[PDB]
């Protein structure tokens, strides 16, 4: 069946932590398209791998190329809601393997978060972004701000690498015909 849709395409390109103790292959990233700040606000809008198509609330990825073909790129494809508002945002959750866990464990745990409002300052947020990572948790009302400039919070936000941008993505909206 032939359909026409306006889709958001998100390319998680590079993750560049300064830590010589970790590598990007060991950081997992969860990607969600949110309509609000509550955990229940993940929209079922991400194209899955299956035919159908299936729509997911989240995808997990690791930004590394050592185990990929040279032609590889990660492409997250999102069915935009017909009406996009300031409440819609990409939400990224980072997971890592903490060193020297109890009993020698080697499971993954929450590292932090980043996000990108899709509409900010009356402009669609397409193009290239280098995003910082907020550690531990997100403050209320995070999603109306760019992660690069959040008002002072109480308790205060802590950022990876003193608020340096570490996560490179590209974002574009494309409306086209799909032959589902």
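Numbering follows the first chain given and starts at 1.
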### Task
Decide which of the stretches 114-122 and 145-153 has the higher mean C-alpha B-factor, going by the entry.
145-153
### Summary
Entry B factor averaged over C-alpha atoms, 42-50 against 57-65: higher for 42-50
### Message
For the CA B factor values reported in this entry, which option in 36, 132, 140, 127 has the top one?
### Response
140
### Query
Lowest, middle or highest third: where is residue 174 by Cα B-factor in its chain?
middle
### Task
Could you say whether, by C-alpha temperature factor, residue 102 belongs to the lowest, middle or highest third of its chain?
highest
### Query
So where's residue 32 on the chain's Cα temperature factor ranking, which third?
lowest
### Chain thirds of CA B-factor: placement of residue 160
lowest
## Note on the structure
Sorting the chain's modelled residues by C-alpha B-factor and splitting them into thirds places residue 24 in the highest
